[PDB]
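>>> just coords:
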RNA sequence: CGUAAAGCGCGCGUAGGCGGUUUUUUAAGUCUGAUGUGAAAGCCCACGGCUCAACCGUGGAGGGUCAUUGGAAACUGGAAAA
């Protein structure tokens, strides 16, 4: 799925909609769609999508698949640990942490994302493609390949506070 | 003909991480063993064991992995490479990945991590990031 | 459990093509065919036997696939012996990741059958009775006699990966304990709990279904 | 055009009390099409609506508002806080937030007048930046007209970073405030994002 | 830079660019320290005055592929030996 939990708080939030067609002889059968992200803005977020003949159906189905895929998102000081670049299918992306008091600076979709994972001050510029989907998949690809000081110094035989960001 | 040894070492290393078998072989050199000791001091390595025969090498390494088998680095590369050599001061140096990884560097007094190079206020010729 | 003279029984696998992941299991290839080594196998049997036994300590629930032939007679048999639900044939789309339907499925069973009491067969005309009888028989058939999974599984046992690779991946979405027999020509790291021994042989599979039926049964008559 | 507007219709749009003036019809929104359903909100509308929701507070304008914002761009600690406190460490605020009025504009016509005396000195501009280690007074000539002591008498409120002497009409600024010391609290992040694009 | 614009038809070879290992040395490159200079005004930071601001001043830091000079030798470089 993997492991939707409906137990935390939630804030569904919508990114787009298309009107998408399948032509069969005679008419043009088309099916509105939408992407969604869902998080607690307290340490959990993930996307979800679906298609239907109508919006409420689509968005709801999207949300039922939305909770089913998640990332833990190691956050620190209301901020991400460090800077990366995400990449997936030419929808590259670049983040960087910040002096606080800034507020998230980025584009529409990615703003809706990180605003829903409870991150406060961070800097970015989207890159490569402007398509809404693989943008996000870039984001969560990077956040899935991301670490905090406890995630690491465990591995290395030494320990934090001779080393820290 | 090998234009560069850094490529040999770091590429056999990455190619060995993507496949996850522990041990690995390579012809030796002065700098290679120096930095390999640093990586052992990082924690990115378990162990090394030198061995000798006609004439160089083989600097044999045994790599390290979690119990859940996550690769301990994510990434790697040099910087100071042929054609465009590069340098940096003691003040100017980078703090990679705001503090997690490292940036190997050579000094007038030896090859070291970047941290000892800013504490000492001695810069030098950078070699490689790793993180 | 295991003893090495029970591992003098297990022999060989198929020799068409073989995962290079699994040379570590090999003792050495001879007579034109690959074998697995056995000294490790006993350790792994101990560890896994112990694991599934622990899953039965907590009041566990477990599945048996027999969709592979030359196994099924031992699958419902050793499963019904242990007293856990089973399958020995068709794994239709979803039974571990399509939960929302299985309710309707076994509920279809409990629905149609009882009406054989209040007057069903040859009280309604030729056209329906002939339909429902066949629906019932094929239902039980390509399902099996399972009607009992009411809380969805928390561990699985299986006859063979490379046939049921689909179903075990449907477990992989459910990040569960998987365990089962390992022909040397199957995805090794697709399961956390290998049992590196042959699958084709009747005595091998009977022995493994037998002992694992025993470990389960112990853990279930273990205070659950 | 610092202030010549109704200034109620604005607070009818945004969903805040003031300003102004006073406190039915507020569940609606302005205009012919007003009462009905309307557009949704973009992200832009939120940070923007926040901006105006701080702008018509002090009645000021944008070119002054920005210049404030980026003189907060110099100093250390967080940013939006410094913009708030420096925006409410002004002369109109230290007047009305001391309780010498019923609204924010009463202070403005009080000080263009020159009635108050920053450190015992005539000043005609509400755009002064008030500081600690000061007094503030009322041109003792005029501490008895209809408006003032009509307003002085009631204890509207007092923050602990302001002192006050109702007998003397003497305030004096005390500590660096924060929003947790300043009512009419906000979000800062949304408005700082607005001056990105 | 397979197919979307984009690898010459292919070769011989000059000039140039890049260069295996160990040891010893040199100090041009490099790093570091200092002396001078890098006008003033301006930019940025701190302060004070024009009622505040603009503005003005003060003082700070800042800036060179810069010259001179004392130190370090792992790396590039030159010389020598294997």
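The structure has been received and is ready for your questions. Residues are numbered from 1 along each chain as shown, chains lettered A, B, ... in the order given.

>>> Quick check: phi and psi on the residue in chain C that RNA strand E sits nearest to?
Here chain C gets closest to RNA strand E at one residue, residue C:20, 27.0 Å apart by Cβ to the nearest atom of the strand. Every residue, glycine included, has its C-beta placed from N, CA and C. Main-chain dihedrals, residue C:20, degrees, to the nearest 10: phi -70, psi 0.

>>> That one and chain B, how far apart?
According to Cβ to the nearest Cβ, to the nearest Å, residue C:20 and chain B sit 11 Å apart.

>>> Just give me the neighbour total for that residue.
5 (other Cβ atoms under 10 Å in any protein chain shown).

>>> just checking, residue C:152 touches residue C:99?
Yes - using Cβ atoms under 8 Å, residue C:152 is in contact with residue C:99, at 5.8 Å.

>>> who does the strand ranked longest in chain A pair up with?
Of all segments of type strand in chain A, defined using DSSP state E, the longest is strand A:28-39. Paired with strand A:28-39 in the same sheet, following DSSP bridges, are strand A:13-16 (antiparallel), strand A:19-23 (antiparallel), strand A:45-51 (antiparallel).

>>> Quick check: buried residues in that strand?
A:32-39 (16 or more other Cβ atoms under 10 Å in any protein chain shown).

>>> which secondary structure element contains the residue in chain A that chain B sits nearest to?
Of all residues in chain A, residue A:156 sits closest to chain B, with a separation of 2.4 Å (Cβ to the nearest Cβ). Using DSSP states H and E, residue A:156 falls within no helix or strand.

>>> repeat for residue B:37
Judged by DSSP H and E, residue B:37 forms part of helix B:30-42.

>>> Check which helices and strands that helix sits against.
strand B:47-49, strand B:102-106, strand B:111-112, strand B:125-130 (3 or more Cβ pairs under 8 Å, 6 or more residues apart in numbering or on different chains; DSSP states H and E).

>>> Could you check how far the second one is from the centre of its chain?
Which is strand B:102-106. Distance of strand B:102-106 from the chain centroid (Cα atoms, centre = their mean, to the nearest Å) equals 8 Å.

>>> Contacts only, for the residue nearest the centre of chain B.
Nearest to the geometric centre of chain B sits residue B:35, at 5.2 Å (Cα atoms, centre = their mean). The contact partners of residue B:35, by Cβ atoms under 8 Å, 6 or more residues apart in numbering or on different chains, come to B:104, B:111, B:127-128.

>>> From chain C, how far out is it?
For residue B:35, the distance to chain C equals 31 Å [Cβ to the nearest Cβ].

>>> before we move on, back to that, tell me which of the helices and strands packed on helix B:30-42 sits most buried.
strand B:102-106 (a mean of 23; mean count of other Cβ atoms under 10 Å in any protein chain shown).

>>> can you tell me which residues contact residue 30?
Using chain A. If you count contacts by Cβ under 8 Å, 6+ apart, then residue A:30 has A:19-22 around it.

>>> Not quite, go with chain D.
D:9, D:12-13.

>>> one more time with 6 Å, if that's ok
Contact analysis of residue D:30 by Cβ atoms under 6 Å, 6 or more residues apart in numbering or on different chains lists D:9, D:12.

>>> Repeat that for residue C:177.
Counting by Cβ under 6 Å, 6+ apart, residue C:177 has contacts residue C:155.

>>> before we move on, the earlier item: would you list the strands paired with strand A:28-39 in JSON lines and tack on mean neighbour count?
JSON lines is the format used below for the strands paired with strand A:28-39 (neighbours: other Cβ atoms under 10 Å in any protein chain shown):
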{"stretch": "strand A:13-16", "mean neighbour count": "16"}
{"stretch": "strand A:19-23", "mean neighbour count": "10"}
{"stretch": "strand A:45-51", "mean neighbour count": "21"}
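
>>> May I see the ones you listed organised as a markdown table, with distance to residue D:115 added?
As requested, the strands paired with strand A:28-39 are exported to a markdown table (distance: least, Cβ to Cβ, whole Å):
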| stretch | distance to residue D:115 |
| --- | --- |
| strand A:13-16 | 51 |
| strand A:19-23 | 64 |
| strand A:45-51 | 55 |
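
>>> Now render those as TSV, adding distance to RNA strand E.
Listed next are those as TSV, based on distance: least, Cβ to the nearest atom of the strand, whole Å:
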stretch	distance to RNA strand E
strand A:13-16	23
strand A:19-23	23
strand A:45-51	25
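
>>> Provide the count of other residues in contact range of the residue of chain B found nearest chain C.
Distances between chain B and chain C by Cβ to the nearest Cβ are smallest at residue B:69, namely 9.3 Å. The number of residues packed near residue B:69 is 8, by other Cβ under 10 Å.

>>> tell me the secondary structure for it?
The assignment at residue B:69 comes out as coil when based on DSSP: H, G, I helix; E, B strand; the rest coil.

>>> Can you pull up the most central residue in chain D?
Nearest to chain D centroid, counting by Cα atoms, centre = their mean: residue D:58, 4.1 Å.

>>> mind checking how far that one is from chain A?
21 Å.

>>> Now flag whichever of the contacts of residue B:35 is closest to residue B:57.
residue B:111 (18.8 Å; Cβ to Cβ).

>>> Skip the chain neighbours and tell me the closest residue to that closest one.
residue B:34 (4.6 Å; Cβ to Cβ, 6 or more residues apart in numbering or on different chains).

>>> I'd like to know how far that neighbour sits from residue B:85.
19 Å (Cβ to Cβ, to the nearest Å).

>>> do residue C:46 as well
When residue C:46 is compared with residue B:85 (using Cβ to Cβ), they lie 58 Å apart.

>>> and the nearest residue to residue C:181 once chain neighbours are set aside, what does it touch?
In space, and not counting its chain neighbours, residue C:181 is closest to residue C:199: 4.6 Å by Cβ to Cβ, 6+ apart. Residue C:199 is in contact with C:160, C:181, C:183, counting by Cβ under 6 Å, 6+ apart.

>>> which SS class is the most far-flung residue of chain A relative to its centre?
Here the centre of chain A is the reference, and by Cα atoms, centre = their mean the most remote residue is residue A:26, at 39.9 Å. Put simply, residue A:26 is coil when judged by three-state DSSP.

>>> so how far is residue A:51 from it?
Taken as Cβ to Cβ, the span from residue A:26 to residue A:51 is 21 Å.

>>> Which of the contacts of residue C:199 fall in strands?
Among these, DSSP E puts residue C:181 in strands.

>>> Kindly reformat the contacts of residue C:199 as a markdown table containing neighbour count and distance to residue D:18.
Putting those into a markdown table (neighbours: other Cβ atoms under 10 Å in any protein chain shown; distance: Cβ to Cβ, whole Å) gives the following:
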| residue | neighbour count | distance to residue D:18 |
| --- | --- | --- |
| C:160 | 21 | 75 |
| C:181 | 26 | 77 |
| C:183 | 22 | 78 |
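
>>> out of the contacts of residue C:199, who's nearest residue D:20?
Nearest member of these to residue D:20, counting by Cβ to Cβ, is residue C:160, at 79.4 Å.

>>> OK, contacts around that closest one?
C:68, C:199.

>>> Quick check: it vs residue C:72, distance?
Per Cβ to Cβ, residue C:160 is found 12 Å from residue C:72.

>>> what do you get for residue D:158?
Separation of residue D:158 from residue C:72 (Cβ to Cβ): 86 Å.

>>> Over to residue C:153?
20 Å.

>>> What of residue C:204?
15 Å.

>>> circling back to that earlier point, next, format the helices and strands packed on helix B:30-42 as TSV and append distance to residue A:14.
What follows is the helices and strands packed on helix B:30-42, written out as TSV (distance: least, Cβ to Cβ, whole Å):
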stretch	distance to residue A:14
strand B:47-49	53
strand B:102-106	43
strand B:111-112	52
strand B:125-130	40
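
>>> just so I know, which of those lies nearest residue C:14?
strand B:47-49 (39.0 Å).
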